[PDB]
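Quick heads-up: the structure tokens below are two forms of one chain, split into structure 1 and structure 2.
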Structure 1
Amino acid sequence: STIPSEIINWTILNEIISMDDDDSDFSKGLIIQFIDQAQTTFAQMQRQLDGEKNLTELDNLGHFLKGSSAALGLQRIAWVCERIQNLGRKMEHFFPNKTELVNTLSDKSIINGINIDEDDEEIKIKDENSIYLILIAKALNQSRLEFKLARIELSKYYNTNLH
């Protein structure tokens, strides 16, 4: 879908970076804070898919990660979280396949050598909500991929391997 083609919204990130002048490890410090939050919420979302299967929970978790990511200019992660929310509210009723989404990327050189299904959890989910939980579970595996690309991409600029 209309996922943004650029991994990073530089007009937002440049403004965070501007403040690195008086604080050397500032922007990198936010990024590294985000990388831990993201990993934690992905696991909390995965715990719900496999357990309570509460669509309000997956809405709130999608809400949290959408604010964090959107703040650092990580706009493809934010878009997927927005879908996780709308899917949990049954206001949207489908989610694209990985290939369709990966194909919108401004520069696909960033997926050289990596296996776009590396980080997938098997979707083991029958109920009226069953289809929304399956599509959230698809959106999460796309979120994990977008997370990784965000890390690879930020490494170019922070001169360290951010994953």
Structure 2
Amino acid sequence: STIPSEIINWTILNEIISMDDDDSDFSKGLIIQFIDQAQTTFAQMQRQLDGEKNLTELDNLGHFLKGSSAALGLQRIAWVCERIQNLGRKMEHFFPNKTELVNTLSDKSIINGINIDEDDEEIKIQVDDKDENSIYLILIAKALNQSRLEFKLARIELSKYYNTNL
């Protein structure tokens, strides 16, 4: 599959927003919850990568964040998480460089003004004792770095929509 171009699938987000008519508490509450899930998950993934390196856990973690991101229309984040699941199941053996991924953005102008590598993190990984699982681990770290960037972009757009930094 090709990563979606748009940061937010409004068809989905509008649907959620249409269910929070009484008080905007429903949809914005979901978003806030998501933001927090995302930061918690990125941190847990990072920990696995630098330690236990359990691919099943990384798969579960990708599955978890894909649920909330997709249900809220943050389709680029959800796409990356599905790559992390497939990487974790050793079903894939490649993950697009960051530049190629940013080039698919429908509005490229959302990127200038920011360093896209600002949140990147290296993976503490045994390069010598590189067993056949190293590739999956390195590929999931690459995708985690992409995810941190997509999360960043999603917060930019969600923040301009709600007129308030989230």
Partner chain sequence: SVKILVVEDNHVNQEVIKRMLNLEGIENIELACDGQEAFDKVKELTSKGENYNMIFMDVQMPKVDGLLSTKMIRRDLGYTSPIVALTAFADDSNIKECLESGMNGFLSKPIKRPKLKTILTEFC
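Only residues modelled in both forms are compared. Residue numbering: structure 1 sequence, from 1. Think of the rigid core as the biggest set of C-alphas that the two forms share within 1.5 Å after superposition.
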Can you tell which of the two structures I gave is the form deposited with its partner chain bound?
2
Following alignment on the rigid core, what Cα displacement (Å) is computed for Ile35 between structures 1 and 2?
0.5
Once the two forms are overlaid on the core, the CA atom of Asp20 shifts between structures 1 and 2, in angstrom, by 3.0
Stretches between structures 1 and 2 where the CA atoms of at least 3 consecutive shared residues shift 2 Å or more, core fixed:
24 to 26, 123 to 125
